[PDB]
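Only one structure is covered here, and it is reproduced in the block below.
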Amino acid sequence: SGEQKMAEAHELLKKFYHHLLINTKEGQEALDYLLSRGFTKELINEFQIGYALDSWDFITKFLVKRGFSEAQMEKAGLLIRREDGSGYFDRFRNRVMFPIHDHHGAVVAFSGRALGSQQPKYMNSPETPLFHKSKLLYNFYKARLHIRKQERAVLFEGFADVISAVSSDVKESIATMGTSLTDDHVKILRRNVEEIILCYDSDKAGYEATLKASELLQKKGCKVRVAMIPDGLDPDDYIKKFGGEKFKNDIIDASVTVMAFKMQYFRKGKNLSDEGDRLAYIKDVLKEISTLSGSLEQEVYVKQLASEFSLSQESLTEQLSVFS
C-alpha cells in the first residue's frame, strides 16, 4: 500500500524529470551536454532520460503538494532526511536522470549523473522496498526479447555502457547497478539464454569482476565469453573512439573463451622474460587448464603454451597431471 505510493511517485517523476530536460531552460545545460556526448533525442526519448533541477526542495515540495508523505518518499529513496531532523530535501539535484525499470517496465529507482562536482558522480537510489540491485538487471525489460532473438546476452556494469551498446545496435545488453553479479541475476539470465558475454572495464577491478562473474555463470551451465577492450579503455570509451559498428563487430562478436581471457589476465604484473615469472604464469595457467572437462579442451590450451614458449608438451603435460 505504501509501496504503491512509492511506485506512483517514480512513474510520475520519470515523466516530469523528462519534461524538465526537454521543455525548460534549466534543462538546456543538461540537454546540450547530453547531445555533445553522443546522445540523440531518439535515445533521450527512448530511455526517457530526464533532469533534476539544481534545487534542494523543488521535488520535495512537488511531491508534498501532490499528497505524498515525505517519510514514504524517503523510504522510496527519492528524498533524504536532514541529519538534524528539521525536514527533507531532494536526493537528486542537478543530475541527468536515468530511470531504472524493473523486469516488467515499472520504474523503481533512478541513477543521476552529476552535472558538476557533487559526489558521487553517479548517484543511485539506495535499497528501497521497490529497488533491490541484487535482483534487477538494468535494461532487462527492454532487452529480454532481443536476448532471445540473438540467443545471447551482453552483460555490462552500470547503465552508461548499456546505453552506448544499444546505440551500437547491441540491444541484448543489460547491466548490474552498483553491485557484482549475484546468484539471483544468474538464475534470471539462465532462464532466458545460454550464452553470456561479459564486457567490463579493462582496469584491474574490471578484470577481477570479469573473473568472478564468469565463475558464477559457468557453475550454472551458462556458456560464457569475454569481450576484451584493448589498451586501457572501458566500453563507452571504445565506442566513442572507434564507433559502435567496430565495437559490435570486433569486440562483442570476437569475444573469447573464459580460458583465453584467464590466459591474458594472468599475464598482468608478470615479466615473462624473467624465468621465475615465466614459470609461475605457465603453472598458473596449467592449474586452470586442469579444471577443464576433457583432454581435447585441455590439449587445445596446452598447445598455445607449448607454442608461445617453445616448451615440449610432454613437460607441460607432466606438470598438468600434478595439479589433477
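Residues are referred to by chain and number: the chain letter is A, B, ... according to the order shown in the C-alpha cells, the number counts from 1 in that chain, and ligands are numbered separately from 1 in the order shown.
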Enumerate, as a PyMOL selection string, the complete set of residues in range 110-233 of chain A that a backbone-based DSSP assignment places in alpha helix (DSSP H).
chain A and resi 140-150+159-167+183-192+204-219
Please list as an MDAnalysis selection string every residue within 7 Å of range 101-115 of chain A, counting only C-alpha atoms and excluding residues in the same chain fewer than 2 positions away.
chainID A and resid 7 10:11 92 94:99 117:118 121:125 130:131 136 138 140:141
For the residues selected in the previous step, produce a file with N, CA, C and O atoms as a compact mmCIF listing (two decimals), in the first residue's frame.
```
# COMPACT_ATOMS: atom_id res chain seq x y z
N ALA A 7 5.71 3.60 -5.91
CA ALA A 7 5.67 3.30 -7.34
C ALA A 7 5.10 4.47 -8.13
O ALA A 7 5.66 4.86 -9.16
N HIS A 10 7.45 7.35 -8.57
CA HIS A 10 8.50 7.08 -9.55
C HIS A 10 7.99 7.20 -10.98
O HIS A 10 8.67 7.76 -11.84
N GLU A 11 6.80 6.66 -11.26
CA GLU A 11 6.22 6.81 -12.59
C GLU A 11 6.04 8.28 -12.94
O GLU A 11 6.37 8.71 -14.04
N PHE A 92 18.17 13.87 -5.46
CA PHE A 92 18.67 14.06 -6.81
C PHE A 92 18.58 15.54 -7.17
O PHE A 92 17.49 16.06 -7.44
N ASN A 94 20.45 18.60 -9.64
CA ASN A 94 21.35 18.96 -10.74
C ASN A 94 22.01 17.73 -11.36
O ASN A 94 23.22 17.70 -11.59
N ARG A 95 21.21 16.70 -11.63
CA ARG A 95 21.72 15.50 -12.27
C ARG A 95 20.91 15.18 -13.51
O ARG A 95 19.73 15.53 -13.61
N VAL A 96 21.57 14.53 -14.47
CA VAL A 96 20.87 13.90 -15.58
C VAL A 96 20.30 12.59 -15.07
O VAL A 96 21.01 11.79 -14.44
N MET A 97 19.00 12.38 -15.29
CA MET A 97 18.22 11.34 -14.63
C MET A 97 18.00 10.15 -15.56
O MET A 97 17.41 10.30 -16.64
N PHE A 98 18.43 8.97 -15.12
CA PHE A 98 18.15 7.75 -15.86
C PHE A 98 17.21 6.86 -15.04
O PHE A 98 17.59 6.42 -13.94
N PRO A 99 15.99 6.62 -15.51
CA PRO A 99 15.07 5.76 -14.75
C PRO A 99 15.52 4.31 -14.79
O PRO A 99 16.08 3.83 -15.77
N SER A 117 30.33 19.05 -9.60
CA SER A 117 31.30 18.44 -8.70
C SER A 117 30.70 17.51 -7.65
O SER A 117 31.45 16.80 -6.98
N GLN A 118 29.38 17.52 -7.46
CA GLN A 118 28.79 16.79 -6.34
C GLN A 118 29.12 15.30 -6.43
O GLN A 118 29.30 14.74 -7.51
N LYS A 121 29.65 10.95 -8.51
CA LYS A 121 29.42 11.26 -9.91
C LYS A 121 28.07 10.71 -10.35
O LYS A 121 27.22 11.42 -10.90
N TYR A 122 27.86 9.42 -10.11
CA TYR A 122 26.61 8.72 -10.37
C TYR A 122 25.99 8.42 -9.01
O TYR A 122 26.55 7.67 -8.22
N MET A 123 24.86 9.07 -8.72
CA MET A 123 24.08 8.81 -7.52
C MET A 123 22.96 7.84 -7.88
O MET A 123 22.25 8.04 -8.88
N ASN A 124 22.83 6.77 -7.10
CA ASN A 124 21.77 5.79 -7.27
C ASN A 124 20.83 5.81 -6.06
O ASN A 124 21.26 6.06 -4.93
N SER A 125 19.55 5.56 -6.32
CA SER A 125 18.62 5.23 -5.25
C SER A 125 19.22 4.14 -4.37
O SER A 125 19.78 3.17 -4.89
N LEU A 130 11.14 -0.98 -3.24
CA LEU A 130 10.93 -1.15 -4.67
C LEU A 130 12.17 -1.61 -5.42
O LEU A 130 12.04 -2.23 -6.48
N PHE A 131 13.35 -1.29 -4.91
CA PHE A 131 14.58 -1.41 -5.69
C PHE A 131 15.60 -2.26 -4.94
O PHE A 131 16.18 -1.82 -3.94
N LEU A 136 17.82 -6.91 -9.82
CA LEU A 136 17.42 -6.18 -11.01
C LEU A 136 18.60 -6.11 -11.98
O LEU A 136 19.75 -5.95 -11.57
N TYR A 138 19.62 -3.83 -15.12
CA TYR A 138 19.24 -2.65 -15.88
C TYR A 138 19.04 -2.99 -17.35
O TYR A 138 19.83 -3.73 -17.93
N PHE A 140 16.78 -4.84 -18.64
CA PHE A 140 16.36 -6.21 -18.93
C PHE A 140 14.98 -6.25 -19.58
O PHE A 140 14.74 -7.06 -20.49
N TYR A 141 14.06 -5.39 -19.13
CA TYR A 141 12.71 -5.45 -19.66
C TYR A 141 12.69 -5.09 -21.14
O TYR A 141 11.94 -5.69 -21.91
```
List the spatial neighbours of residue 80 in chain A as a PyMOL selection string - criterion: any atom at most 10 Å away, only C-alpha atoms, same-chain residues fewer than 6 positions off excluded.
chain A and resi 60+70-71+73-74+87-92
Print the selection's residues with N, CA, C and O atoms to a file, as a compact mmCIF listing (two decimals), in the first residue's frame.
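Listing of selection25.txt after writing:
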```txt
# COMPACT_ATOMS: atom_id res chain seq x y z
N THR A 60 10.83 17.84 -3.38
CA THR A 60 10.17 17.70 -2.08
C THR A 60 8.84 18.45 -2.05
O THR A 60 7.80 17.88 -1.70
N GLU A 70 6.41 12.79 3.04
CA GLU A 70 7.86 12.90 2.93
C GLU A 70 8.55 11.63 3.41
O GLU A 70 9.54 11.19 2.81
N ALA A 71 8.04 11.00 4.47
CA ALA A 71 8.73 9.84 5.02
C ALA A 71 8.56 8.62 4.12
O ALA A 71 9.47 7.79 4.03
N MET A 73 8.36 8.96 0.82
CA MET A 73 9.30 9.34 -0.23
C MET A 73 10.74 9.20 0.22
O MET A 73 11.62 9.04 -0.62
N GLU A 74 11.01 9.24 1.53
CA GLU A 74 12.35 8.90 1.99
C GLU A 74 12.58 7.39 1.91
O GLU A 74 13.64 6.94 1.45
N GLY A 87 13.77 18.50 8.48
CA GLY A 87 12.92 18.29 7.32
C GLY A 87 13.55 17.38 6.29
O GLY A 87 14.35 16.50 6.64
N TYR A 88 13.19 17.62 5.04
CA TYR A 88 13.59 16.74 3.94
C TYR A 88 14.10 17.58 2.77
O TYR A 88 13.66 18.72 2.58
N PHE A 89 15.05 17.02 2.00
CA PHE A 89 15.49 17.65 0.75
C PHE A 89 15.58 16.62 -0.38
O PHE A 89 15.47 15.41 -0.17
N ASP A 90 15.78 17.14 -1.59
CA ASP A 90 15.88 16.33 -2.81
C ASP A 90 17.16 15.50 -2.80
O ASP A 90 18.26 16.05 -2.68
N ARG A 91 17.03 14.18 -2.94
CA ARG A 91 18.25 13.38 -3.09
C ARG A 91 18.94 13.69 -4.40
O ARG A 91 20.18 13.81 -4.45
N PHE A 92 18.17 13.87 -5.46
CA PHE A 92 18.67 14.06 -6.81
C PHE A 92 18.58 15.54 -7.17
O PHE A 92 17.49 16.06 -7.44
```
Name the closest residue to residue 17 in chain A among the candidates A:93, A:65, A:149, A:81; distances are taken between atoms, counting only C-alpha atoms.
A:93
Set the distance at 9 Å and use only C-alpha atoms: which residues neighbour residue 213 in chain A once local chain neighbours fewer than 5 positions away are removed? I'd like the list as a list in words.
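Near neighbours after the sequence-gap exclusion: residues 180, 181, 182, 198, 208 and 218 of chain A.
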Please produce a file of the residues just selected, as a PDB file, in the first residue's frame, where the atoms kept are N, CA and C atoms.
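As written to disk, again-v4.pdb reads:
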```pdb
ATOM      1  N   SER A 180      28.209  -6.373  -7.753  1.00  0.00           N
ATOM      2  CA  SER A 180      28.661  -7.529  -8.503  1.00  0.00           C
ATOM      3  C   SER A 180      27.462  -8.347  -8.975  1.00  0.00           C
ATOM      4  N   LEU A 181      27.674  -9.126 -10.036  1.00  0.00           N
ATOM      5  CA  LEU A 181      26.695 -10.127 -10.427  1.00  0.00           C
ATOM      6  C   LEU A 181      26.406 -11.064  -9.257  1.00  0.00           C
ATOM      7  N   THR A 182      25.127 -11.350  -9.025  1.00  0.00           N
ATOM      8  CA  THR A 182      24.677 -12.213  -7.942  1.00  0.00           C
ATOM      9  C   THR A 182      24.047 -13.494  -8.480  1.00  0.00           C
ATOM     10  N   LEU A 198      30.585 -11.177 -21.223  1.00  0.00           N
ATOM     11  CA  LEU A 198      30.982 -10.161 -20.258  1.00  0.00           C
ATOM     12  C   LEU A 198      31.758  -9.056 -20.960  1.00  0.00           C
ATOM     13  N   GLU A 208      39.000  -8.417 -12.187  1.00  0.00           N
ATOM     14  CA  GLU A 208      38.559  -9.273 -11.085  1.00  0.00           C
ATOM     15  C   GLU A 208      37.059  -9.500 -11.138  1.00  0.00           C
ATOM     16  N   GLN A 218      29.348 -19.950 -15.085  1.00  0.00           N
ATOM     17  CA  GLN A 218      29.718 -21.279 -15.574  1.00  0.00           C
ATOM     18  C   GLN A 218      29.175 -22.384 -14.669  1.00  0.00           C
TER      19      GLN A 218
END
```
